[PDB]
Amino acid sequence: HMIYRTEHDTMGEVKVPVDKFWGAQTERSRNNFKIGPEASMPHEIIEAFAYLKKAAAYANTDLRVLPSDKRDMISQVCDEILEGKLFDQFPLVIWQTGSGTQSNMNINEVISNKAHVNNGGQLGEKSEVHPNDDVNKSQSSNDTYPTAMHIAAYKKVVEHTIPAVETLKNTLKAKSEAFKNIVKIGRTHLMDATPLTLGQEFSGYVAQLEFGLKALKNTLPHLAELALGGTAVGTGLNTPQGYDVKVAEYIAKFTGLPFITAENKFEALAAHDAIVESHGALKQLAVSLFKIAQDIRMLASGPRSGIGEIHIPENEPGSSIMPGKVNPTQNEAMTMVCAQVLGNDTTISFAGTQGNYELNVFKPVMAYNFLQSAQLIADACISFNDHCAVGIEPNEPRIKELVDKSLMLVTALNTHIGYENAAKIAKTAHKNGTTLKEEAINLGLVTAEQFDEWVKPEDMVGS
């Protein structure tokens, strides 16, 4: 069934699927890089290329190096890509050249061929829009791919990751306020400790997410800087005067995000330290999220022979062999995502060290890892919020049982009956399996009413 057209270059003929909008160079690149599943370059990178190619055409026309009719042809195809209509025209993998050259050429060819069809021609004829001379005007593969990487990274963080974390933080803050008067037993070293409120414990999670949000936002100004206009080595050779600033202005306009031209194009090509910087903040959030998810599943564990202090939503059967068992599966998905982010940080950091001279040629692996972390954190925070956090409720009788049976409240008695008598009560309760109150009364040291007045858990959760 597969029908081909025949294209030609200095390697000879090359068959291209007859209906596909890529060209000879993209087709050869499929075979040169058969590494992992086809088409693995992230769609967000292709979308970002559409933004920057449109902006380059607009800047080039303003600066009188590209005719406006060709700008319009290019821009129309870019809009189609941005609308999600052409993803099946991008068959190339992440694991291509480290400059992402083949993906740059893939969008140049697709824009060229689709423009020809939009102009009324037949796919496979020579286009009015030349892939290199027109679509790639004033550009290099070297400066286009890192621009796409930053556009995609910034957009994912600001439009997906941050909103998702913010929503989860808001839920945990509302829960913290709802739980502010529920006194529970602390655990340090996993061992019995002095009291705090369930709201205080949840307030820690809120504060962790607030700090992670601040830290991630701190990284945005460096990520906003774009390499476009540095061309092959950073000097801007082959760009019209002012192109750097103008093309960044168009990118900022079309994306609605505050992109600027990079202050130092050599730094922008030879390294991807902004990706290292921003990914470190994603990893900081993953570190906090792991701990939050871990605590919540421990607090919900049981329902009889674990901790059992909270209830969480029960969304699906947990087991076919153990009937009625339900597991904290949203917490599990979150902790697995966090494990992924920590390893993505290893990869990004390694790749970030490995630039040589004028160019870091690890760009696709850095982009792929960054976008994966940003996306998975966003998606897991949405899922965990909607399917776990919004439904957390206290098990007030279990919490109260733990408080009443604890030996750790005994020090409330020291100022009233002295250290030695307090210790005698705790030692007797421990030996007998009884409560502090039972032994305070039955040793004749404190009346029931005086004990209730002196040992108030709600008075033990502040200075």
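Don't overthink the numbering: it's just position in the shown sequence, from 1.
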Between 311-319 and 341-349, the record assigns the higher mean Cα B factor to 311-319
Of 83-91 and 172-180, which one has the bigger average CA B-factor? 83-91
Which of 56, 48, 41, 65 ranks first by CA B-factor in the deposited coordinates: 65
Highest Cα temperature factor in the entry, among the options 231, 255, 208, 118: which one is it? 118
By the recorded C-alpha temperature factor, relative to the other modelled residues in its chain, which third is residue 128 in? highest
Taking only the Cα B-factors deposited for this chain, tell me whether residue 238 sits in the lowest, middle or highest third. highest
Chain thirds of CA B-factor: placement of residue 35: lowest
Third of the chain, ranked by Cα B-factor, where residue 356 sits: lowest
Residue 275 - Cα temperature factor, lowest/middle/highest third of chain: lowest
